[PDB]
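Fold and geometry: a report
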Amino acid sequence: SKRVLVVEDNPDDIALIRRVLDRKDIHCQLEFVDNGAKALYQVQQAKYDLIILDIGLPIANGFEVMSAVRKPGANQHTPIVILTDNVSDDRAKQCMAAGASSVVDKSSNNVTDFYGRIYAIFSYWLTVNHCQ
């Protein structure tokens, strides 16, 4: 059973993410935490198949989370997807420098696009990308 860790605090985003997985029959353990401190603790506790984070949360301590995950250890090479509203090219480029696997615009002002991007992230990283 795959496990995913998502650093996100918007409760409608969260509810939409759970629902996408449901409908699309994507079966994994999902864990949400609302900040970077909590993230850095959970990465020490379990090996994840995927870690998603909203770099828009100052409180997510995104770059710090990414450095720490990228260190020697169980999740050293766990895919990290940044999923954040309004990604600029600069910020995407900064995430990529800090170790992100992928940067994705939520486009959450367009639920149709937001929904299909959630499904693409989980679909790709869990059923296409090779998992141990």
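In the PDB header, X-ray crystallography is given as the technique by which the entry was determined, and 2.10 Å as its resolution.

Time to look at the sheet that holds strand β5 (residues 102-105). Strand pairs in the sheet, formed through backbone hydrogen bonds, run parallel or antiparallel to each other. Here five strands make up an open sheet; going across it, the order is β2-β1-β3-β4-β5 and the pairing parallel. With partners counted over all chains shown, the strands left at the sheet margins are β2 (28-33) and β5, one partner each. Taking each pair of neighbouring strands and ignoring which way they run, the sheet shows an average axis angle of 20 degrees.

With the rule as written, the count across this model stands at one aromatic pair. Their ring planes at 85 degrees and their centres at 5.0 Å tell us that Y124 and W125 sit as a pair that is edge-to-face. Judged by its relative accessible area of 42%, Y124 falls in the partly exposed class. Its relative accessible area of 13% is what places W125 among the buried residues. Sitting over the face of the ring of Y119, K24 holds its NZ or CZ atom 4.3 Å from the ring centroid.

Now for the pattern of salt bridges. Under the counting rule described, the total for this entry stands at four salt bridges. Two residues, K106 and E8, come together in a salt bridge whose shortest N-O distance is 2.6 Å. Here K106, found in the loop between β5 and α5 (111-128), pairs with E8, found in the loop between β1 (2-7) and α1 (11-23); they are 98 residues apart in sequence, far enough to count as distant. Residue classification places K106 among the buried residues on the basis of a relative accessible area of 3%.

Right, let's get into the UniProt feature "domain: Response regulatory" (unreviewed entry) in the chain. In this structure's numbering, the residues bearing the UniProt feature "domain: Response regulatory" (unreviewed entry) are residues 3-121. Secondary structure content for residues 3-121 is 42% helix and 20% strand, and the end C-alpha separation is 14 Å.

Our focus in this paragraph is the packing of helix α3 (residues 62-70) against helix α4 (residues 89-98). Across the interface, α3 lies against α4 with an axial gap of 9 Å and an inter-helix angle of 25 degrees. If you check the angle between α3 and α4, you find them roughly parallel. Counted together, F63, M66, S67 and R70 of α3 and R91, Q94, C95 and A98 of α4 form the full contact between these two elements. Along the lines of polarity and charge, the residues of the contact of α3 with α4 split into four nonpolar, two polar and two charged.

Thresholds, definitions, all that
Residues numbered from 1 in each chain as written, not as in the entry; some residues may be left out. Heavy atoms only, no water. Pairing = 2+ DSSP bridges. Helix = DSSP H or I, 4+ residues; strand = E, 2+ residues; numbered from the N terminus. Axes fitted to C-alpha atoms, helices over the stretch in contact; angles between N-to-C directions. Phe/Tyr/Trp six-rings, centres within 6.5 Å; stacked < 30°, edge-to-face > 60°. Buried < 20%, exposed > 50% of the residue type's maximum accessible area, 1.4 Å probe, protein only. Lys NZ or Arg CZ within 6 Å of the ring centre and 35° of its normal. Salt bridge = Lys/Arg side-chain N within 4 Å of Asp/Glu carboxyl O. UniProt positions renumbered as here; feature names shortened; annotations may be inferred. Parallel < 35°, antiparallel > 145°, perpendicular 65-115°, else oblique. Contact = heavy atoms within 4.5 Å. Nonpolar A, V, L, I, M, F, W, Y, C, P; charged D, E, K, R; others polar.

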